[PDB]
Structure formats: C-alpha cells, structure tokens
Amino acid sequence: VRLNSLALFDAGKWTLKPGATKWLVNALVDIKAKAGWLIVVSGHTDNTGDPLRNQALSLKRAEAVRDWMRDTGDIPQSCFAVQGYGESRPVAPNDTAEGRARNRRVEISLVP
C-alpha cells in the first residue's frame, strides 16, 4: 500500500512546514488500518544543492516523519524502516516553482 505523498518540507529543512499536521494525520489513519505491516518511510529532496547532501537530507526527512508517528502517533519505532532517495526520482520538474516543493516530500509504503 503506497500512501499519498507528503510534501511537508521547505527548502533545506527537515522540520515540518506550517500546515503539515493535517496531512500527517491522514497518513496515520492509513497506518492504523494496517496494524503490523512494515512502514517504509522514503525521503526525497529537490535538485538544488549537492546531490550527496540531498541524500543525507532525504534520510533526515524520513526520520522526522518516522519520529512524528512514533511520538505523536504512539507507534513503536521498531515498526519503521527509513529510506532516502536524495534528488533522484523527482515527481515534478526541479526548475524551482511549485514542482520543487512537490519533490521535497516523504513517500510512505506499507509492506505486509
């Protein structure tokens, strides 16, 4: 089960954007429906900056979404597996714009 993308990050940030909670809650409801599944949290970035820093930054966005569901959703940290894609695999053109915001995201997939 692949959950709706979570574009919750501003440029250079791994902390959640204002307005992010409503979307994290929607994802948390979907996780509560699949109790016991492996929760794979895959982080992404836009093209701006060095690709290796973007790889590191993508892992931190994945860890932040994981710790929100761990502490603000009461789910054991052992249920998650954090992943980072860096700037590879963009969903929209990275020439700044709203597309670059679409690339600063976290994809959650549930593995039975």
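The first residue of the shown sequence is 1; numbering continues from there.
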Of 47-55 and 82-90, the stretch whose C-alpha atoms average the higher B-factor in the entry: 47-55
Of 102-110 and 2-10, the stretch whose C-alpha atoms average the higher B-factor in the entry: 2-10
Lowest, middle or highest third - CA B-factor, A33: highest
Third of the chain's Cα B-factor distribution that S42 belongs to, per the entry: lowest
Chain thirds of CA B-factor: placement of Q77: lowest
